[PDB]
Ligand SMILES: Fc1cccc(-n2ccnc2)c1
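First comes one chain, alone, set out as structure tokens in the form solved without the named molecule.
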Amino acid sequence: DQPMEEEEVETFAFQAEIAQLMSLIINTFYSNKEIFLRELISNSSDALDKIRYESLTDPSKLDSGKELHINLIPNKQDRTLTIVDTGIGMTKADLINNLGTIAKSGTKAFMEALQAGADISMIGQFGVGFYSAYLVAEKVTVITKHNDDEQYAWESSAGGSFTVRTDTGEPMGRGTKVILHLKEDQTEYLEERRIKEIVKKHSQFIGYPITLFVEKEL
């Protein structure tokens, strides 16, 4: 009897600054936790900008999907909140390297301000907003599909490492799917009215459709 499928699973250490940052986020109390959703949507919007732009000179880039949008899917039953976009997606290298974005040089000073007791809200200004996910999530999975590349799954419960592997789950056309497995004490971010108010307050100037799908298995 032979395997249905095989693959390598690789485990990586986070770069030092990012590991320190994740530790600060997880072990320090902050009031303004809701900004995590702002930061993920902003990431999605940047990814959509990137594919929109490239498609200008290469329309075939959109064969994997023409619609550019952001979907929010709370699933109380699984205690997950998923953010899905149809942006440019990430290569394996992009996932490894801070999820497709360059951590800014001021990140060091940012963390020092944090250890001095600064707020977390500016985190997205330094190219590391993604990690605000861990203000509300105990585990995060990222599924991503970039043109002319395989679908990958990234995952970390923090602790200083993440894994990357080709994803053999359900296929995405193109883009990035962020699945937050929420902490017991942060399930409010599964509530559709709470999500609506957060989008309203922090994501007014996102120039793509943002659509809430409240999921309930029957």
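One-based numbering along the sequence shown. Residues that one form lacks are left out of the comparison. Only the largest set of C-alpha atoms that superpose within 1.5 Å between the two forms is called the rigid core.
Keep in mind the form solved in complex with the named molecule is missing from the figure; the text below concerns it.
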Taking the pose of the named molecule in the deposited bound form and superposing the surrounding C-alphas, is this site open or blocked by backbone or C-beta atoms within 2.4 Å of 3 or more ligand atoms?
blocked
Is there a heavy atom of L99 lying 4.5 Å or less from a heavy atom of the named molecule in the deposited bound form?
yes
Verify the contact flag for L95: yes if a non-hydrogen atom of it lies within 4.5 Å of a non-hydrogen atom of the named molecule in the deposited bound form, no if not.
yes
Any non-hydrogen atom of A137 within 4.5 angstroms of the named molecule in the deposited bound form:
no
Any chance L81 has a heavy atom within 4.5 Å of the named molecule in the deposited bound form?
no
Could you run down 132-166 and flag each residue that has a heavy atom within 4.5 Å of the named molecule in the deposited bound form?
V142, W154
Please state whether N75 has a C-alpha shift of 2 Å or more between this form and the one not shown, with the rigid core used for the fit.
no
Align on the rigid core first; then say whether the Cα of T101 has moved by at least 2 Å between this form and the one not shown.
yes
Superposing on the rigid core, does the Cα of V84 end up 2 Å or more away between this form and the one not shown?
no
Based on a C-alpha change of 3 angstroms or more, tell me if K104 and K201 lie closer or farther in the deposited bound form than in the shown form.
farther
Between the shown chain and the other structure, the Cα gap of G106 to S44 differs by 3 Å or more. Is it closer or farther in the deposited bound form?
closer
Requiring every Cα in the run to move by 2 Å or more, and the run to span 3 or more residues, what stretches do you find between this form and the one not shown with the rigid core held fixed?
97-107, 109-120
